[PDB]
Amino acid sequence: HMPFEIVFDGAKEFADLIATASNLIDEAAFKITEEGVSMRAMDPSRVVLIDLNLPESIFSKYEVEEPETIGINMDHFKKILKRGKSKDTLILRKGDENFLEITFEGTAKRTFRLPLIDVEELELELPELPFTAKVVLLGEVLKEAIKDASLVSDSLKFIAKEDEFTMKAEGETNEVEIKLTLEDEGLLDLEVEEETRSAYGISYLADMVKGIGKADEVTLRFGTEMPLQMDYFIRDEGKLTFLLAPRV
Amino acid sequence: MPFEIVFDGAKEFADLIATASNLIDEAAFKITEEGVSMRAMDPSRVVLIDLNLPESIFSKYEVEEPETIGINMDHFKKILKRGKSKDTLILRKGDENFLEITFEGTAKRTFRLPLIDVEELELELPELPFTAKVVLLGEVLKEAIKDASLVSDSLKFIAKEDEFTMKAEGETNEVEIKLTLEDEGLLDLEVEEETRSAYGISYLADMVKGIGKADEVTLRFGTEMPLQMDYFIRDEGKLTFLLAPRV
Amino acid sequence: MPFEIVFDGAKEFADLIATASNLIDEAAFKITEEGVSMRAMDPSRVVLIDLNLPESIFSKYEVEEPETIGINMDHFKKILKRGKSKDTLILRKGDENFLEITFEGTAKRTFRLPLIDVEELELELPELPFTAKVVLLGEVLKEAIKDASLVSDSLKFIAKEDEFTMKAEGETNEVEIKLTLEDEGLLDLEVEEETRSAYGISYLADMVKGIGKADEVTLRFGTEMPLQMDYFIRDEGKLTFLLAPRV
């Protein structure tokens, strides 16, 4: 565990990224190499897989001597990261000691000391899955549909056809459909190999999109009775990815 | 029995229904060729509400045959709360027995709302001998009710020739809200005789919860008489509360 | 008739009373012709609090009868939270035992807040040998108190000739806020010798709750001495907390 210094401009954007990921997980092992920071984790129900990739190109300073792996209490990390202001600089620094030093530089110099726990890593791989449908769309639409489907049901059907993406949720007698064509604003891109249907639990969906903003582009990939893969991009270089198991 | 009604400004429409459903729970909407109307009482039969929306405030108004539909107001409120200020609202009914609510904006979002049948009542609004008419900004009204709640649970209205007063007194505390024509918040006053009545704050509070700050509100009342309070939606639709006085 | 005081900007006045009520329950106001003054302790007898409002901050200040009134701060605060930022606040004491509070804006609103008899103790705001003085933005100050609240119950303050340093430590975790004259949030630093003290966060939490981020706070303290926190009210008035230290 050699020392490193990592620096990020915009402490608030970082917090909101960490907060999204932390919605599902509680402890995570961050891999720090000379190429970037990568975190890969499942939530306790072993239904969501989170994968964070922050290449070194999104950091204003990235001094990493030797590749190591630190364990972080995600909720404690978030309580601290939430004190960052939008124009603050975030500095994550480790010395010889077994804690993390999180510093905010702006109107003052605020320094926290975050104790480094140990996390047991699972053999977690991001496999190449045969997704038959791909969908880029505004977070605004996505956040909307999960909130609207929550009014009716616990699960949300996704239905992708050559020219229309559709979410649908059926309750005791109440029903909601959201429908999107390339003629719509919310829909940026739609690639369907074959007509594709699948369903996913709103509870998990609500937590994955909770930290996404109305303005962001989200990519969806999914297949008939296959995982849902949702990802968006951080400073157009970092990537946050969720893999979500279906309802069967 | 199909129809199609289109309203530009989904969020405005919600604010309207949300004002109505503060006191109502279930309503029959009368859909005719001239507009949509609804007349409901609250559970304690203290308040009559009367919503009229002429065809001229809808962008598209296609009604084949006049009809009446009953709506669970609370469910309808929940769905209407999902519209954005720039969405277009579409109220469509096919030959089936539910209500298609649709928001066209960044996406097409469609809800099916089951209809219900509603105990309708000998609901008529006779003209009553009001001796006082006040017109005032909504924020003056919302203020004086929120202020009065701190002291009492009744609000006394008192009109003389050139002063309008709301007064609320408790055991030791007391608040008074005086309005004269010189004040920006009063837009009009007409009093034929000195008028005094009192009304409950619980009901009043709920009547104005959904009223904008800069809305023009009209109050008509009379000594130991009901309080008629109305204000306009888009200058052509009208919302009326009739409120029973206190002893 | 015994006095009439007028203050343009009711919400500004409210926010000031609201600051000094986070610690105080009852208080005696000394109304002289020079201005209004107020000096109270919190129930712990740990924070001394002292408010002074020179008559030059009031648009109208007529005092016939210099006297002293007693006020239930929570009741006063409930009323004062009803003034709008464009309201004119009026305080009238007539012959009787109540304080008439008026908001003049879009309407005339009047409250009668009943006065009370407060066991006014003898409170001297003494002079103390402070060795460190710091001026800084509320934003910094409120953050440090929130930050430090995630770790500990006390907050060390540490002034050296060049840097000001708040520091809170628990069993495992640590926060540390450091300010030099090169930082935008420090505006004045005057240190006579190296100074260190400690204070309860819970009390610091309430003293700053009502302070705006744009505000300018003056800290004076010395080793194991009270903490003196000033912030000014329209440049003429002064609010002053005095905070017994933690050992």
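Analysis parameters
- Residues numbered from 1 in each chain as written, not as in the entry; some residues may be left out.
- Chains lettered and ligands numbered in written order.
- Heavy atoms only, no water.
- Helix = DSSP H or I, 4+ residues; strand = E, 2+ residues; numbered from the N terminus.
- Rg over C-alpha atoms; globule rule 2.2 N^0.38 Å.
- Buried < 20%, exposed > 50% of the residue type's maximum accessible area, 1.4 Å probe, protein only.
- Contact = heavy atoms within 4.5 Å.
- Areas by Shrake-Rupley, 256 points an atom, 1.4 Å probe, with all protein chains shown as cover.
- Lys, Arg positive; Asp, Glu negative; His and termini not counted.
- Charge placed at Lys NZ, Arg CZ, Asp CG, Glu CD.
- Buried area = accessible area lost by both parts, 1.4 Å probe.
- Salt bridge = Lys/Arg side-chain N within 4 Å of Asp/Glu carboxyl O.
- Polar contact = N/O pair within 3.5 Å; in protein donor to acceptor, adjacent residues only side chain to side chain.
- Pairing = 2+ DSSP bridges.
- Least-squares fit on C-alpha atoms.
- Axes fitted to C-alpha atoms, helices over the stretch in contact; angles between N-to-C directions.
- Parallel < 35°, antiparallel > 145°, perpendicular 65-115°, else oblique.
- Left-handed = near helix turned anticlockwise from the far one by under 90°.
- Nonpolar A, V, L, I, M, F, W, Y, C, P; charged D, E, K, R; others polar.
- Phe/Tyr/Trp six-rings, centres within 6.5 Å; stacked < 30°, edge-to-face > 60°.
- 1 Å grid on protein atoms, 1.4 Å probe; cavity = no way out; pocket = protein on both sides within 12 Å on 5 of 7 lines; lining within 4 Å.
- Points joined across faces, edges and corners; volume = space filled by probe spheres on them.

Structure determination for this PDB entry was carried out by X-ray crystallography, with a resolution of 3.0700 Å recorded in the header.

The next subject is the overall build of chain A. A count of helices and strands for chain A gives 4 helices and 18 strands. Since a compact globule built from 248 residues should have a radius of gyration of about 18 Å, the 19 Å found for chain A is in line with a globular shape. Once the C-alpha set of chain A is aligned to its principal axes, its extents read approximately 60 × 40 × 30 Å. Across the 248 residues that make up chain A, the buried fraction comes to 52%. Summarising the internal contacts of chain A: among those between residues at least 6 apart in sequence, 66% fall at separations of at least 24. Within the structure as shown, chain A displays about 11500 Å² of accessible surface, and the carbon and sulfur contribution to it stands at 44%. Taken as two groups, the 30 positive and 53 negative side-chain charges of chain A have centres that lie 7 Å from each other.

To continue, consider the interface of chain C and chain B. Many analyses report the size of an interface as the accessible area lost when the parts associate. Counting residues at the interface gives 13 residues for chain C and 17 residues for chain B. Buried area between chain C and chain B, summed over both chains or domains, comes out near 1400 Å², and the portion from carbon and sulfur atoms is 48%. If you sort the residues of chain C by the area they bury against chain B, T106, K108 and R112 of chain C come out on top, with a joint share of 41%. Viewed at the interface, chain B and chain C are joined by 5 salt bridges. The shortest N-O distance in the salt bridge between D147 of chain B and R109 of chain C comes to 2.9 Å. On inspection of chain C and its partner chain B, the count reaches 9 residue pairs in polar contact. When contributions to the side of chain C that touches chain B are tallied by element, the ones reaching two or more residues are α2 (73–80) and β9 (108–114) of chain C. With 6 residues, the single largest contributor to the side of chain C that touches chain B is β9 of chain C. One ladder, built from 5 bridges, connects strand β13 (residues 174–179) of chain B with β9 of chain C; its direction is antiparallel. Bridge pairing in β9 of chain C links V175 of chain B to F111 of chain C.

In the superposition of chain C on chain B (RMSD 0.6 Å, axial shift 0.1 Å), the rotation amounts to 120°. When the rotation and shift are considered jointly, the pair of chain copies conforms to a three-fold rotation axis.

In this section: the packing of helix α1 (residues 11–22) of chain A against helix α2 (residues 74–81) of chain A. All names here are of chain A. One way to put it is that α1 packs onto α2 with a least axis distance of 10 Å and a crossing angle of 155°. Here α1 is positioned roughly antiparallel relative to α2, judged by the angle of their axes. Once α1 is placed against α2, the crossing between them reads as left-handed. Touching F14, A15, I18, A19, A21 and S22 of α1 are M74, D75, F77, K78 and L81, all from α2. When its residues are assigned to classes, the contact of α1 with α2 shows 8 nonpolar, 1 polar and 2 charged.

With that settled, the discussion passes to the side chain of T131 of chain B. Residue and element names in this part refer to chain B. Examined against the element boundaries, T131 turns out to sit in the loop between β9 (108–114) and β10 (132–137). Only 2.4 Å separates the side chain of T131 from the side chain of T195, close enough to count as a polar contact. Non-local contacts of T131, meaning those with residues more than four positions away in its chain, are made with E190, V191, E192, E193, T195, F221 and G222.

Our focus in this paragraph is the packing of aromatic side chains. All names here are of chain A. Per the counting criterion, the structure on display carries 26 aromatic pairs over all chains. Where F30 meets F77, the ring centres are 6.4 Å apart and the plane angle is 80°; that geometry is what we call edge-to-face. Taken together, the positions of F30 in strand β2 (residues 27–32) and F77 in helix α2 put the pair 47 residues apart, joining distant regions of the chain. Residues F30 and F77 agree in their burial class; the two are buried. An aromatic cluster is built from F8, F14, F59 and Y62, whose rings are joined through pairwise contacts.

All names here are of chain C. For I24, the location among the structural elements is in the loop between α1 (10–20) and β2 (26–31). The class of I24 is buried, set by a relative accessible area of 1%. For the pair formed by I24 and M73, sequence separation is 49 residues and the distance between their alpha carbons is 7.0 Å. Once residues within four sequence positions are removed from consideration, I24 is found in contact with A40, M41, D42, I49 and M73.

This part is about the side chain of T19 of chain B. Residues and elements named next belong to chain B. With respect to the element layout, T19 can be found in helix α1 (residues 10–20). Only 2.7 Å separates the side chain of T19 from the backbone oxygen of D15, close enough to count as a polar contact. A polar atom in the side chain of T19 sits 3.1 Å from the backbone oxygen of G210. Leaving out residues up to four positions away in the same chain, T19 has contacts with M207, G210, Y231, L239 and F241.

Even without being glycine, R234 of chain B reaches a positive phi, approximately 60°. Along the chain, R234 of chain B turns up in the loop between β17 (227–233) and β18 (237–243). By relative accessible area, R234 of chain B is classed as partly exposed at 34%. Although it is not a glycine, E224 of chain C sits at a positive phi angle of roughly 50°.

Once that is clear, we can look at the interface of chain B and chain A. On the chain A side, the residues contacting the 11 residues of chain B number 17 residues. Taken over both partners, the interface formed by chain B and chain A buries close to 1300 Å², and the fraction arising from carbon and sulfur atoms is 51%. The salt bridge involving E175 of chain A is made with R112 of chain B; its shortest N-O contact spans 2.8 Å. For the interface between chain B and chain A, the tally reads 8 residue pairs in polar contact. A total of 6 residues in the side of chain B that touches chain A trace back to one element, the largest contributor, which is β9 of chain B. A breakdown of the residues in the side of chain B that touches chain A according to their chemical character gives 3 nonpolar, 2 polar and 6 charged. The pairing of strand β13 (residues 175–180) of chain A with β9 of chain B spans 5 bridges and is antiparallel.

Residues and elements named next belong to chain B. Size it by volume and the largest pocket reaches roughly 460 Å³. Lining the largest pocket are 21 residues, and of these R39, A40, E119, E120 and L123 lie nearest its centre. Those elements giving two or more residues to the lining of the largest pocket turn out to be β2 (26–31) and β3 (35–41). For the lining of the largest pocket, the element with the highest residue contribution is β3, accounting for 5 residues. Among the residues forming the lining of the largest pocket, the class breakdown is 10 nonpolar, 2 polar and 9 charged.

Using the criterion set out here, one finds 50 salt bridges over all chains in the structure. A salt bridge links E143 of chain C to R110 of chain A; its shortest N-O distance comes to 3.3 Å. You can see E143 of chain C sitting in helix α3 (residues 138–149) and its partner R110 of chain A sitting in strand β9 (residues 109–115), one on each of two chains. With a relative accessible area of 6%, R110 of chain A lands in the buried category. For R113 of chain A, the salt bridge goes to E174 of chain C, with nearest N and O atoms at 3.3 Å.

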